[PDB]
């Protein structure tokens, strides 16, 4: 089954700086800023679509679905590994920034793909949301501070 959520939010960080830190430099920044995340290793590709990353905390795999600096677009799918919930096939994120008042407007669309025709348990939704917002907010805070 397919379960989608959307969030729109804002940051004081302009989008090029925010995109650079969250997407371009994210692999290097995240292990440094989040104790629980040990490492992020590219196992396939060069950072374009198709790239696969192993995110160790147990671990999950992140696959780049789309990346565009010019439109501040980064779409990626989490699946697999020892850290991934058993009810989920994959979780696909679509993220886009746009300029707003010297900062950014942020749109995230998230699609949970469950096995079979299963609803999405609230606990799995919140786990994935908290981990992904946590990483984003940590990096954002870092950029604001430096």
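Superpose the two forms; the largest set of C-alphas matching within 1.5 Å is the rigid core. Positions refer to the first chain, counted from 1.
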Inset, instruction - Superpose on the core, then say which of 22-30 and 115-123 ends up with the larger RMS Cα offset from this form in 4 other deposited structures of this protein. - result: 115-123
Legend entry - Deposited but uncoordinated residues in the residue 57/residue 58 interval: 4 to 9
Legend entry - Given 36-44 and 112-120, the range whose Cα B-factors average higher in the PDB entry: 36-44
Inset, instruction - Pick between 46-54 and 83-91: the one whose mean CA B-factor in the entry is higher. - result: 46-54
Legend entry - Deposited CA B-factor, highest of 29, 61, 106, 64: 29
Legend entry - Within-chain third of residue 78 by Cα B-factor, per the entry: lowest
